[PDB]
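Asker: What follows is the file work15.pdb, containing PDB, C-alpha atoms and all ligand atoms:
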ATOM      1  CA  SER A   1      30.374  16.873   0.359
ATOM      2  CA  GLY A   2      29.318  16.382   4.027
ATOM      3  CA  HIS A   3      27.023  19.460   4.392
ATOM      4  CA  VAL A   4      25.851  22.795   2.910
ATOM      5  CA  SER A   5      25.205  26.208   4.478
ATOM      6  CA  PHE A   6      22.199  28.461   3.846
ATOM      7  CA  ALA A   7      21.336  31.885   5.348
ATOM      8  CA  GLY A   8      24.479  31.654   7.500
ATOM      9  CA  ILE A   9      23.043  28.476   9.149
ATOM     10  CA  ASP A  10      24.705  25.079   8.499
ATOM     11  CA  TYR A  11      22.935  21.936   7.265
ATOM     12  CA  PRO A  12      24.419  18.403   7.236
ATOM     13  CA  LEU A  13      23.883  15.966   4.381
ATOM     14  CA  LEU A  14      21.501  13.154   5.455
ATOM     15  CA  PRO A  15      21.309   9.633   3.916
ATOM     16  CA  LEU A  16      18.312   8.220   2.040
ATOM     17  CA  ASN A  17      19.424   4.683   1.246
ATOM     18  CA  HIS A  18      17.980   2.086  -1.122
ATOM     19  CA  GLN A  19      15.435   0.892   1.471
ATOM     20  CA  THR A  20      13.683   4.228   0.931
ATOM     21  CA  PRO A  21      10.556   3.645  -1.122
ATOM     22  CA  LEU A  22       9.645   5.437  -4.310
ATOM     23  CA  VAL A  23       6.162   6.872  -4.114
ATOM     24  CA  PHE A  24       3.961   7.577  -7.053
ATOM     25  CA  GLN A  25       0.393   8.786  -6.847
ATOM     26  CA  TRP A  26      -2.748   8.609  -8.872
ATOM     27  CA  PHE A  27      -5.953  10.260  -7.749
ATOM     28  CA  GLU A  28      -8.540   9.456 -10.373
ATOM     29  CA  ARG A  29     -11.698  11.536 -10.687
ATOM     30  CA  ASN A  30     -13.457   9.268 -13.145
ATOM     31  CA  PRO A  31     -12.825   5.565 -12.553
ATOM     32  CA  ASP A  32     -15.643   4.683 -15.007
ATOM     33  CA  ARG A  33     -13.695   5.749 -18.130
ATOM     34  CA  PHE A  34     -11.624   2.719 -17.153
ATOM     35  CA  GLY A  35     -12.579  -0.887 -17.580
ATOM     36  CA  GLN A  36     -13.824  -2.272 -14.242
ATOM     37  CA  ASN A  37     -11.138  -4.916 -14.623
ATOM     38  CA  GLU A  38      -8.457  -2.520 -15.863
ATOM     39  CA  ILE A  39      -5.869  -0.950 -13.552
ATOM     40  CA  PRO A  40      -7.522   2.447 -12.932
ATOM     41  CA  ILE A  41      -4.259   4.218 -13.644
ATOM     42  CA  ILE A  42      -3.682   5.840 -16.955
ATOM     43  CA  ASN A  43      -1.446   4.554 -19.670
ATOM     44  CA  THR A  44      -2.373   6.697 -22.649
ATOM     45  CA  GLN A  45       0.079   7.372 -25.387
ATOM     46  CA  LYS A  46       0.709  10.915 -24.211
ATOM     47  CA  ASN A  47       0.493   9.812 -20.625
ATOM     48  CA  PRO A  48       1.453   6.179 -20.428
ATOM     49  CA  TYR A  49       1.494   6.512 -16.717
ATOM     50  CA  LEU A  50       0.768   3.003 -15.692
ATOM     51  CA  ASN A  51       3.759   2.064 -17.740
ATOM     52  CA  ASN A  52       6.229   4.518 -16.100
ATOM     53  CA  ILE A  53       5.918   3.103 -12.628
ATOM     54  CA  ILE A  54       6.340  -0.515 -13.661
ATOM     55  CA  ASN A  55       9.574   0.322 -15.433
ATOM     56  CA  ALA A  56      10.556   2.282 -12.322
ATOM     57  CA  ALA A  57       9.761  -0.768 -10.181
ATOM     58  CA  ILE A  58      11.655  -3.062 -12.549
ATOM     59  CA  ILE A  59      14.738  -0.793 -12.472
ATOM     60  CA  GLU A  60      14.471  -0.964  -8.646
ATOM     61  CA  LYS A  61      13.406  -4.483  -7.808
ATOM     62  CA  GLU A  62      14.872  -4.278  -4.359
ATOM     63  CA  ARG A  63      13.441  -1.067  -3.002
ATOM     64  CA  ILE A  64       9.822  -0.655  -2.218
ATOM     65  CA  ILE A  65       7.582   1.186  -4.547
ATOM     66  CA  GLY A  66       4.315   2.715  -3.310
ATOM     67  CA  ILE A  67       1.324   3.616  -5.476
ATOM     68  CA  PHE A  68      -0.744   6.163  -3.581
ATOM     69  CA  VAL A  69      -4.226   5.842  -5.057
ATOM     70  CA  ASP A  70      -7.677   7.348  -4.385
ATOM     71  CA  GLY A  71     -11.046   7.324  -6.171
ATOM     72  CA  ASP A  72     -14.385   5.561  -6.104
ATOM     73  CA  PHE A  73     -13.035   2.208  -7.283
ATOM     74  CA  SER A  74     -14.937  -0.855  -8.458
ATOM     75  CA  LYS A  75     -14.130  -4.204  -6.819
ATOM     76  CA  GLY A  76     -12.630  -5.424 -10.065
ATOM     77  CA  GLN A  77     -10.506  -2.296 -10.397
ATOM     78  CA  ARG A  78      -9.113  -2.877  -6.883
ATOM     79  CA  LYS A  79      -8.142  -6.427  -8.031
ATOM     80  CA  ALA A  80      -6.514  -5.137 -11.170
ATOM     81  CA  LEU A  81      -4.167  -3.488  -8.634
ATOM     82  CA  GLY A  82      -4.175  -6.767  -6.718
ATOM     83  CA  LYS A  83      -2.829  -8.650  -9.716
ATOM     84  CA  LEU A  84      -0.358  -5.755 -10.070
ATOM     85  CA  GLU A  85       0.869  -6.341  -6.520
ATOM     86  CA  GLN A  86       1.459 -10.111  -6.928
ATOM     87  CA  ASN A  87       2.705  -9.863 -10.526
ATOM     88  CA  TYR A  88       5.277  -7.400  -9.106
ATOM     89  CA  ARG A  89       5.786  -7.697  -5.314
ATOM     90  CA  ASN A  90       7.862  -4.572  -4.606
ATOM     91  CA  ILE A  91       4.804  -2.556  -5.749
ATOM     92  CA  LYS A  92       2.444  -1.698  -2.874
ATOM     93  CA  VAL A  93      -0.913  -0.125  -3.682
ATOM     94  CA  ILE A  94      -2.123   2.188  -0.867
ATOM     95  CA  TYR A  95      -5.688   3.575  -0.649
ATOM     96  CA  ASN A  96      -6.023   7.137   0.694
ATOM     97  CA  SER A  97      -9.091   6.094   2.750
ATOM     98  CA  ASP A  98      -6.949   3.403   4.519
ATOM     99  CA  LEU A  99      -4.934   6.236   6.211
ATOM    100  CA  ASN A 100      -6.160   8.355   9.136
ATOM    101  CA  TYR A 101      -5.194  12.015   8.899
ATOM    102  CA  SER A 102      -7.165  13.310  11.939
ATOM    103  CA  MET A 103      -3.993  14.403  13.799
ATOM    104  CA  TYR A 104      -3.138  16.893  11.039
ATOM    105  CA  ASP A 105      -6.678  18.203  10.445
ATOM    106  CA  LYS A 106      -8.715  21.339  11.144
ATOM    107  CA  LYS A 107     -12.244  22.763  10.818
ATOM    108  CA  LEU A 108     -12.780  25.744   8.517
ATOM    109  CA  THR A 109     -15.243  27.157  11.072
ATOM    110  CA  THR A 110     -12.277  27.191  13.423
ATOM    111  CA  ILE A 111      -9.868  28.457  10.766
ATOM    112  CA  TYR A 112     -12.127  31.276   9.518
ATOM    113  CA  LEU A 113     -13.337  32.508  12.936
ATOM    114  CA  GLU A 114      -9.666  32.679  13.953
ATOM    115  CA  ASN A 115      -8.884  35.127  11.199
ATOM    116  CA  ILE A 116     -12.154  37.006  11.705
ATOM    117  CA  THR A 117     -10.941  37.609  15.285
ATOM    118  CA  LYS A 118      -7.391  38.564  14.218
ATOM    119  CA  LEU A 119      -8.671  41.176  11.725
ATOM    120  CA  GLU A 120     -11.340  42.579  14.103
ATOM    121  CA  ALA A 121      -8.595  42.893  16.722
ATOM    122  CA  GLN A 122      -6.556  45.220  14.473
ATOM    123  CA  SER A 123      -7.001  48.947  13.935
ATOM    124  CA  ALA A 124      -9.867  49.792  11.684
ATOM    125  CA  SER A 125      -7.707  52.342   9.997
ATOM    126  CA  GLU A 126      -5.049  49.734   9.184
ATOM    127  CA  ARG A 127      -6.998  46.709   8.454
ATOM    128  CA  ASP A 128      -8.023  44.595   5.541
ATOM    129  CA  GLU A 129     -11.697  45.044   5.471
ATOM    130  CA  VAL A 130     -11.727  43.589   2.010
ATOM    131  CA  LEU A 131     -10.340  40.355   3.472
ATOM    132  CA  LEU A 132     -12.244  40.865   6.745
ATOM    133  CA  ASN A 133     -15.517  40.679   4.792
ATOM    134  CA  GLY A 134     -14.491  37.697   2.625
ATOM    135  CA  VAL A 135     -13.613  35.305   5.430
ATOM    136  CA  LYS A 136     -17.069  36.081   6.993
ATOM    137  CA  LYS A 137     -18.895  35.154   3.778
ATOM    138  CA  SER A 138     -16.705  32.054   3.482
ATOM    139  CA  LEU A 139     -17.859  31.602   7.051
ATOM    140  CA  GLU A 140     -21.471  32.338   6.052
ATOM    141  CA  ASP A 141     -21.192  29.732   3.234
ATOM    142  CA  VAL A 142     -19.590  26.888   5.256
ATOM    143  CA  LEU A 143     -22.222  27.120   8.068
ATOM    144  CA  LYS A 144     -25.065  26.778   5.565
ATOM    145  CA  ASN A 145     -22.999  24.371   3.477
ATOM    146  CA  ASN A 146     -21.961  22.160   6.363
ATOM    147  CA  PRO A 147     -20.892  22.768   9.897
ATOM    148  CA  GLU A 148     -18.335  19.966  10.355
ATOM    149  CA  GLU A 149     -16.300  20.599   7.239
ATOM    150  CA  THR A 150     -12.533  20.573   7.366
ATOM    151  CA  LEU A 151      -9.323  21.398   5.557
ATOM    152  CA  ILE A 152      -8.725  17.890   4.537
ATOM    153  CA  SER A 153     -12.281  17.358   3.539
ATOM    154  CA  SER A 154     -12.263  20.480   1.422
ATOM    155  CA  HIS A 155      -9.344  19.490  -0.727
ATOM    156  CA  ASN A 156     -11.457  16.879  -2.282
ATOM    157  CA  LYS A 157     -11.774  15.162  -5.596
ATOM    158  CA  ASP A 158     -14.175  17.806  -6.782
ATOM    159  CA  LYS A 159     -11.383  20.292  -6.281
ATOM    160  CA  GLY A 160      -9.014  19.323  -9.048
ATOM    161  CA  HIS A 161      -5.302  19.189  -8.526
ATOM    162  CA  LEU A 162      -5.663  20.345  -4.958
ATOM    163  CA  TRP A 163      -7.183  17.016  -4.204
ATOM    164  CA  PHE A 164      -3.916  15.119  -4.903
ATOM    165  CA  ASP A 165      -1.315  17.780  -4.223
ATOM    166  CA  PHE A 166      -2.768  18.326  -0.715
ATOM    167  CA  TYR A 167      -2.858  14.602   0.259
ATOM    168  CA  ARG A 168       0.590  14.177  -1.216
ATOM    169  CA  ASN A 169       2.012  16.469   1.435
ATOM    170  CA  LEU A 170       0.084  14.566   4.109
ATOM    171  CA  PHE A 171       1.461  11.243   2.780
ATOM    172  CA  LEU A 172       5.032  12.393   3.142
ATOM    173  CA  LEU A 173       4.294  13.578   6.680
ATOM    174  CA  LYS A 174       3.355   9.976   7.428
ATOM    175  CA  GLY A 175       6.357   8.832   5.341
ATOM    176  CA  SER A 176       7.375   5.154   5.283
ATOM    177  CA  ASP A 177       5.311   4.304   8.404
ATOM    178  CA  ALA A 178       2.232   4.510   6.147
ATOM    179  CA  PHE A 179       3.117   1.219   4.438
ATOM    180  CA  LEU A 180       2.613  -0.221   7.896
ATOM    181  CA  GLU A 181      -0.553   1.772   8.671
ATOM    182  CA  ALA A 182      -2.546   0.355   5.657
ATOM    183  CA  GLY A 183      -1.072  -3.076   6.448
ATOM    184  CA  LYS A 184       0.959  -3.723   3.299
ATOM    185  CA  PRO A 185       2.977  -7.036   3.092
ATOM    186  CA  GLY A 186       6.751  -7.449   2.980
ATOM    187  CA  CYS A 187       7.450  -3.917   4.308
ATOM    188  CA  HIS A 188       9.171  -4.977   7.616
ATOM    189  CA  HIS A 189      12.404  -3.837   5.907
ATOM    190  CA  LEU A 190      11.297  -0.139   6.205
ATOM    191  CA  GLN A 191      12.828   1.838   9.014
ATOM    192  CA  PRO A 192      10.532   3.567  11.509
ATOM    193  CA  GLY A 193       9.576   7.220  11.112
ATOM    194  CA  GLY A 194      11.448   6.782   7.860
ATOM    195  CA  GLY A 195      11.306   8.926   4.760
ATOM    196  CA  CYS A 196      10.160   8.372   1.158
ATOM    197  CA  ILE A 197      10.657   9.766  -2.379
ATOM    198  CA  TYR A 198       7.465  10.916  -4.083
ATOM    199  CA  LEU A 199       7.591  11.136  -7.865
ATOM    200  CA  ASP A 200       5.267  12.386 -10.524
ATOM    201  CA  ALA A 201       4.386   9.332 -12.643
ATOM    202  CA  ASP A 202       6.209  11.079 -15.531
ATOM    203  CA  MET A 203       9.682  11.423 -13.944
ATOM    204  CA  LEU A 204      11.449   8.546 -15.683
ATOM    205  CA  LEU A 205      13.766   6.084 -14.043
ATOM    206  CA  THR A 206      16.524   5.084 -16.434
ATOM    207  CA  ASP A 207      19.082   3.514 -14.187
ATOM    208  CA  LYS A 208      19.442   3.153 -10.434
ATOM    209  CA  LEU A 209      19.038   6.020  -7.995
ATOM    210  CA  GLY A 210      21.140   4.501  -5.204
ATOM    211  CA  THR A 211      21.648   6.368  -1.938
ATOM    212  CA  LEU A 212      20.625  10.008  -1.829
ATOM    213  CA  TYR A 213      22.036  12.828   0.280
ATOM    214  CA  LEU A 214      20.114  16.008   1.056
ATOM    215  CA  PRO A 215      20.337  19.258   3.044
ATOM    216  CA  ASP A 216      18.590  18.211   6.301
ATOM    217  CA  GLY A 217      17.182  15.216   4.366
ATOM    218  CA  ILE A 218      14.782  17.081   2.079
ATOM    219  CA  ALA A 219      14.714  18.122  -1.555
ATOM    220  CA  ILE A 220      12.120  18.964  -4.213
ATOM    221  CA  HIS A 221      11.978  19.286  -7.927
ATOM    222  CA  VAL A 222      13.054  22.566  -9.399
ATOM    223  CA  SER A 223      12.311  23.517 -12.950
ATOM    224  CA  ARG A 224      14.582  25.892 -14.848
ATOM    225  CA  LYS A 225      13.199  27.044 -18.188
ATOM    226  CA  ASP A 226      14.213  29.041 -20.068
ATOM    227  CA  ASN A 227      15.387  31.094 -17.099
ATOM    228  CA  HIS A 228      12.364  30.941 -14.750
ATOM    229  CA  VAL A 229      13.250  28.927 -11.673
ATOM    230  CA  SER A 230      10.355  27.593  -9.571
ATOM    231  CA  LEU A 231       9.813  24.968  -6.905
ATOM    232  CA  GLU A 232       7.856  21.952  -8.030
ATOM    233  CA  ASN A 233       5.779  19.373  -6.248
ATOM    234  CA  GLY A 234       6.657  16.775  -8.864
ATOM    235  CA  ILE A 235       9.432  15.357  -6.741
ATOM    236  CA  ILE A 236       9.296  15.409  -2.972
ATOM    237  CA  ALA A 237      11.902  13.415  -1.028
ATOM    238  CA  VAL A 238      12.227  13.437   2.800
ATOM    239  CA  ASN A 239      14.395  11.351   5.175
ATOM    240  CA  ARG A 240      11.765  10.855   7.952
ATOM    241  CA  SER A 241       8.155  10.981   9.053
ATOM    242  CA  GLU A 242       6.844  14.483   9.832
ATOM    243  CA  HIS A 243       9.762  16.505   8.525
ATOM    244  CA  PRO A 244       9.728  20.050  10.115
ATOM    245  CA  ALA A 245       9.834  22.142   6.834
ATOM    246  CA  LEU A 246       6.567  20.456   5.761
ATOM    247  CA  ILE A 247       5.267  20.583   9.337
ATOM    248  CA  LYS A 248       5.672  24.406   9.215
ATOM    249  CA  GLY A 249       3.727  24.312   5.968
ATOM    250  CA  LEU A 250       0.935  22.346   7.588
ATOM    251  CA  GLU A 251       0.839  25.160  10.249
ATOM    252  CA  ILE A 252       0.503  27.811   7.569
ATOM    253  CA  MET A 253      -2.320  25.824   6.200
ATOM    254  CA  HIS A 254      -3.901  25.895   9.609
ATOM    255  CA  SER A 255      -3.250  29.588  10.073
ATOM    256  CA  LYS A 256      -4.241  30.998   6.735
ATOM    257  CA  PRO A 257      -7.603  31.308   5.250
ATOM    258  CA  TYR A 258      -7.472  29.788   1.774
ATOM    259  CA  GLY A 259      -4.052  28.228   2.102
ATOM    260  CA  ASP A 260      -2.717  26.498  -0.891
ATOM    261  CA  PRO A 261      -0.610  23.347  -0.896
ATOM    262  CA  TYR A 262       1.613  24.712  -3.517
ATOM    263  CA  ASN A 263       1.894  28.328  -2.441
ATOM    264  CA  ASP A 264       1.765  27.965   1.257
ATOM    265  CA  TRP A 265       2.365  24.436   2.391
ATOM    266  CA  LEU A 266       5.137  23.420   0.024
ATOM    267  CA  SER A 267       6.724  26.661  -0.985
ATOM    268  CA  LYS A 268       6.580  28.957   2.039
ATOM    269  CA  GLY A 269       6.886  26.017   4.515
ATOM    270  CA  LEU A 270      10.222  24.878   3.101
ATOM    271  CA  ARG A 271      11.545  28.396   2.755
ATOM    272  CA  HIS A 272      10.368  29.936   6.002
ATOM    273  CA  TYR A 273      11.925  27.009   7.750
ATOM    274  CA  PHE A 274      15.091  27.138   5.686
ATOM    275  CA  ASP A 275      14.918  30.970   5.475
ATOM    276  CA  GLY A 276      12.442  32.452   7.935
ATOM    277  CA  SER A 277      13.494  36.038   7.366
ATOM    278  CA  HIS A 278      14.260  35.995   3.603
ATOM    279  CA  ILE A 279      17.987  36.821   3.763
ATOM    280  CA  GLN A 280      18.889  34.642   0.742
ATOM    281  CA  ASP A 281      17.256  35.180  -2.640
ATOM    282  CA  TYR A 282      14.391  32.939  -3.749
ATOM    283  CA  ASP A 283      16.593  31.354  -6.460
ATOM    284  CA  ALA A 284      19.415  30.833  -3.970
ATOM    285  CA  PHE A 285      16.900  28.762  -2.038
ATOM    286  CA  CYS A 286      15.751  26.946  -5.215
ATOM    287  CA  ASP A 287      19.371  25.980  -5.799
ATOM    288  CA  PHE A 288      19.880  24.949  -2.140
ATOM    289  CA  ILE A 289      16.756  22.789  -2.107
ATOM    290  CA  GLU A 290      17.094  21.365  -5.623
ATOM    291  CA  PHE A 291      16.811  17.622  -6.088
ATOM    292  CA  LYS A 292      19.474  16.451  -8.528
ATOM    293  CA  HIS A 293      19.471  13.016 -10.136
ATOM    294  CA  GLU A 294      20.967  12.164 -13.526
ATOM    295  CA  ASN A 295      19.166   8.756 -13.702
ATOM    296  CA  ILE A 296      15.719  10.435 -13.910
ATOM    297  CA  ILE A 297      14.489  12.268 -16.986
ATOM    298  CA  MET A 298      12.575  14.885 -15.071
ATOM    299  CA  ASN A 299       8.948  15.863 -15.719
ATOM    300  CA  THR A 300       8.385  14.351 -19.158
ATOM    301  CA  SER A 301       4.730  15.551 -19.284
ATOM    302  CA  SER A 302       5.937  18.914 -20.633
ATOM    303  CA  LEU A 303       6.707  16.960 -23.852
TER
HETATM  304  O1  LIG A 401      -5.655  13.029 -12.680
HETATM  305  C1  LIG A 401      -4.568  13.170 -12.097
HETATM  306  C2  LIG A 401      -3.640  14.004 -12.664
HETATM  307  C3  LIG A 401      -2.398  14.165 -12.048
HETATM  308  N1  LIG A 401      -2.145  13.502 -10.900
HETATM  309  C4  LIG A 401      -0.854  13.665 -10.250
HETATM  310  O2  LIG A 401      -0.103  14.704 -10.865
HETATM  311  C5  LIG A 401       1.223  14.262 -11.088
HETATM  312  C6  LIG A 401       1.902  15.099 -12.183
HETATM  313  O3  LIG A 401       0.973  15.399 -13.229
HETATM  314  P1  LIG A 401       1.427  15.695 -14.742
HETATM  315  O4  LIG A 401       2.944  15.612 -14.898
HETATM  316  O5  LIG A 401       0.480  14.871 -15.576
HETATM  317  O6  LIG A 401       0.863  17.229 -14.882
HETATM  318  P2  LIG A 401       1.748  18.558 -14.637
HETATM  319  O7  LIG A 401       1.623  18.985 -13.187
HETATM  320  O8  LIG A 401       3.157  18.190 -14.966
HETATM  321  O9  LIG A 401       0.999  19.409 -15.623
HETATM  322  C7  LIG A 401       1.004  12.796 -11.443
HETATM  323  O10 LIG A 401       2.143  11.953 -11.373
HETATM  324  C8  LIG A 401      -0.030  12.412 -10.422
HETATM  325  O11 LIG A 401       0.592  12.070  -9.179
HETATM  326  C9  LIG A 401      -3.126  12.642 -10.348
HETATM  327  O12 LIG A 401      -2.926  12.023  -9.288
HETATM  328  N2  LIG A 401      -4.311  12.504 -10.957
HETATM  329  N1  LIG A 402       6.289  19.342 -10.649
HETATM  330  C1  LIG A 402       6.269  19.360 -11.941
HETATM  331  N2  LIG A 402       7.264  18.788 -12.611
HETATM  332  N3  LIG A 402       5.252  19.963 -12.553
HETATM  333  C2  LIG A 402       5.062  20.028 -13.988
HETATM  334  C3  LIG A 402       5.585  21.291 -14.666
HETATM  335  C4  LIG A 402       5.747  21.127 -16.153
HETATM  336  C5  LIG A 402       4.450  21.266 -16.984
HETATM  337  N4  LIG A 402       3.949  19.926 -17.445
HETATM  338  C6  LIG A 402       4.668  22.214 -18.153
HETATM  339  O1  LIG A 402       3.770  22.376 -19.001
HETATM  340  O2  LIG A 402       5.742  22.814 -18.245
END
Now that the file is in, can you turn its structure into structure tokens?
Ligand SMILES: O=c1ccn([C@@H]2O[C@H](COP(=O)(O)OP(=O)(O)O)[C@@H](O)[C@H]2O)c(=O)[nH]1
Ligand SMILES: NC(=[NH2+])NCCC[C@H](N)C(=O)O

Answerer:
Amino acid sequence: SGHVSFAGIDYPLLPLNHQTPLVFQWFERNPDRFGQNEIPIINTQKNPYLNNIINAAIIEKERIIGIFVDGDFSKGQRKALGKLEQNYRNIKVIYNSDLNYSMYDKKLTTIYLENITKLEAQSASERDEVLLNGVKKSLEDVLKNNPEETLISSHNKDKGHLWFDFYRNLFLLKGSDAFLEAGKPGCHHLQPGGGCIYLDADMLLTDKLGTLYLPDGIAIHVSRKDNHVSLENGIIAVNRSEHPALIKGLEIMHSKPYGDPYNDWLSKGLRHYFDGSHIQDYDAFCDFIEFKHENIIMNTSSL
């Protein structure tokens, strides 16, 4: 079609053409279980992840493919990627530390003390003292722990999947202009404030994706088994840098103590923006936001 309507509001279908880079990501806690001249991306039998991107990149030799990486990498491991970039020159390895996220950041001192004030400003007979006293101990712990400690800094490598699911959302905010910001070669063909298509390393290209159309230029993976529909972070495709729906999620992250990239940033951001007042069902959003492609065997890690 040319559009789709949700919550009574109308939403045009927006193009994501074959310029639009595929993004994969690998945040690796333990680089030293790799060879120091091995590509520090996993290719195990159960998770032959280094293999899934290459085949992706081969199936799409004429759209850019980004590999969003992060971890304390040996010089030789960085040149394993280097070989990977010249041996296949649509692949672009991008180090998380080579991007500046200061414009999207916030201090937990700030974030906590905000909520402390909000709660203290409410009636004592209404208010969440149980929460009121948790944010203050969180407060008490960050002061001692470090004063200048932030949202971004918190979702660190020590923190498990939050480490990479948080920075994912940031990446997409920066979109295709991030190929430029790290300085990656042969990316002049990317359009400015242009989108991207993140993919779990396990979503399998089989055939070409071509030119995608989306409601407002955004869609995410939705899983449906056996009957339990959820939103998934394992595909995220936007048509531009700093898409609003994710922007709203970054605000919720700013305005919530203990925000979660999955619960708050991804899920509620999308849906509040698409459905601020919850007039359509959850599922009826899941359907509306679902990313459909027959040429990808979705989320093969479940097998
Ligand atoms: O050590 C890890 C583990 C996972 N991931 C990211 O998590 C995505 C999906 O993980 P997977 O399908 O293995 O786990 P699931 O979420 O499906 O259990 C991967 O493509 C990676 O981008 C990562 O960066 N480092
Ligand atoms: N975004 C995603 N596809 N996440 C993975 C969900 C599937 C998960 N591997 C399972 O045991 O079912």

Asker: What lies within 7 Å of residue 151 of chain A using all atoms listed in the file, ignoring chain neighbours under 6 positions off, as an MDAnalysis selection string?

Answerer: chainID A and resid 105:108

Asker: Write a file of the just-selected residues containing C-alpha atoms, as a CSV table (one decimal), keeping the file's coordinate frame.

Answerer:
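Generated output (part24.csv):
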chain,number,residue,atom,x,y,z
A,105,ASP,CA,-6.7,18.2,10.4
A,106,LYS,CA,-8.7,21.3,11.1
A,107,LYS,CA,-12.2,22.8,10.8
A,108,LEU,CA,-12.8,25.7,8.5

Asker: Residues within 6 Å of ligand LIG 402 (chain A) should be enumerated using only C-alpha atoms and all ligand atoms and returned as a ChimeraX atom specification.

Answerer: /A:232-234,299,301-302

Asker: What is the distance between atom CA of residue 155 of chain A and atom CA of residue 167 of chain A, in Å to one decimal?

Answerer: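 Those two atoms sit 8.2 Å apart.
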
Asker: Using all atoms listed in the file and a cutoff of 12 Å, can you tell me which residues are near (-15.3, 12.0, -8.7) in the file's coordinates, and write them out as a short mmCIF file (atom, residue, chain, number, x, y, z; two decimals) with C-alpha atoms, keeping the file's coordinate frame?

Answerer:
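Full text of point_25.cif as output:
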data_model
loop_
_atom_site.label_atom_id
_atom_site.label_comp_id
_atom_site.auth_asym_id
_atom_site.auth_seq_id
_atom_site.Cartn_x
_atom_site.Cartn_y
_atom_site.Cartn_z
CA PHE A 27 -5.95 10.26 -7.75
CA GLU A 28 -8.54 9.46 -10.37
CA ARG A 29 -11.70 11.54 -10.69
CA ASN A 30 -13.46 9.27 -13.14
CA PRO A 31 -12.82 5.56 -12.55
CA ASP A 32 -15.64 4.68 -15.01
CA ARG A 33 -13.70 5.75 -18.13
CA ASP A 70 -7.68 7.35 -4.38
CA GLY A 71 -11.05 7.32 -6.17
CA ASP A 72 -14.38 5.56 -6.10
CA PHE A 73 -13.04 2.21 -7.28
CA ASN A 156 -11.46 16.88 -2.28
CA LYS A 157 -11.77 15.16 -5.60
CA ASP A 158 -14.18 17.81 -6.78
CA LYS A 159 -11.38 20.29 -6.28
CA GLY A 160 -9.01 19.32 -9.05
CA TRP A 163 -7.18 17.02 -4.20
#

Asker: Report, in Å to a single decimal, how far apart atom CA of residue 93 of chain A and atom CA of residue 186 of chain A are.

Answerer: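 Atom CA of residue 186 of chain A sits 12.5 Å away from atom CA of residue 93 of chain A.
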
Asker: Can you tell me how far atom CA of residue 189 of chain A sits from atom CA of residue 218 of chain A, in Å to one decimal?

Answerer: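 Atom CA of residue 218 of chain A lies at a distance of 21.4 Å from atom CA of residue 189 of chain A.
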
Asker: Going by the chain IDs and residue numbers used in this file, which residues fall under the PyMOL selection byres (((chain A and resi 168-183) around 9) and not hetatm)? Write them as a ChimeraX atom specification.

Answerer: /A:20-21,25,66,68,92,94-96,98-101,104,163-167,184-185,187-188,190-198,233,236-243,246-247,250,261,265-266

Asker: Since I can't run it myself right now, could you work out what the PyMOL selection byres (((chain A and resi 79) around 12) and not hetatm) selects here and report it as an MDAnalysis selection string?

Answerer: chainID A and resid 35:40 73:78 80:87 93

Asker: With C-alpha atoms retained, could you export that selection as a PDB file, in the coordinates of the input?

Answerer:
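Writing done, so here's selection.pdb:
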ATOM      1  CA  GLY A  35     -12.579  -0.887 -17.580  1.00  0.00           C
ATOM      2  CA  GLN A  36     -13.824  -2.272 -14.242  1.00  0.00           C
ATOM      3  CA  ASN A  37     -11.138  -4.916 -14.623  1.00  0.00           C
ATOM      4  CA  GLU A  38      -8.457  -2.520 -15.863  1.00  0.00           C
ATOM      5  CA  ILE A  39      -5.869  -0.950 -13.552  1.00  0.00           C
ATOM      6  CA  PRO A  40      -7.522   2.447 -12.932  1.00  0.00           C
ATOM      7  CA  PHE A  73     -13.035   2.208  -7.283  1.00  0.00           C
ATOM      8  CA  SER A  74     -14.937  -0.855  -8.458  1.00  0.00           C
ATOM      9  CA  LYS A  75     -14.130  -4.204  -6.819  1.00  0.00           C
ATOM     10  CA  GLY A  76     -12.630  -5.424 -10.065  1.00  0.00           C
ATOM     11  CA  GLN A  77     -10.506  -2.296 -10.397  1.00  0.00           C
ATOM     12  CA  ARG A  78      -9.113  -2.877  -6.883  1.00  0.00           C
ATOM     13  CA  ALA A  80      -6.514  -5.137 -11.170  1.00  0.00           C
ATOM     14  CA  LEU A  81      -4.167  -3.488  -8.634  1.00  0.00           C
ATOM     15  CA  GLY A  82      -4.175  -6.767  -6.718  1.00  0.00           C
ATOM     16  CA  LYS A  83      -2.829  -8.650  -9.716  1.00  0.00           C
ATOM     17  CA  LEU A  84      -0.358  -5.755 -10.070  1.00  0.00           C
ATOM     18  CA  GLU A  85       0.869  -6.341  -6.520  1.00  0.00           C
ATOM     19  CA  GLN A  86       1.459 -10.111  -6.928  1.00  0.00           C
ATOM     20  CA  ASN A  87       2.705  -9.863 -10.526  1.00  0.00           C
ATOM     21  CA  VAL A  93      -0.913  -0.125  -3.682  1.00  0.00           C
TER      22      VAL A  93
END

Asker: From the options A:303, A:201, A:42, A:59, which residue's atoms come nearest to ligand LIG 401 (chain A), counting only C-alpha atoms and all ligand atoms?

Answerer: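 Of A:303, A:201, A:42, A:59, the one nearest ligand LIG 401 (chain A) is A:201, counting only C-alpha atoms and all ligand atoms.
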
Asker: On this structure, the PyMOL selection byres (((chain A and resi 210) around 9) and not hetatm) would catch which residues? List them as a PyMOL selection string, sorted by chain and number.

Answerer: chain A and resi 16-18+208-209+211-212

Asker: So, with only C-alpha atoms and all ligand atoms as the atoms that count, which of A:235, A:119, A:253, A:14 lies closest to ligand LIG 401 (chain A)?

Answerer: A:235

Asker: If we count all atoms listed in the file, what is near residue 142 of chain A at a cut-off of 12 Å, once residues fewer than 3 positions away on the same chain are taken out, given as a list in words?

Answerer: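 Everything that qualifies: residues 107, 108, 109, 110, 111, 112, 113, 135, 136, 137, 138, 139, 145, 146, 147, 148, 149, 150, 151 and 154 of chain A.
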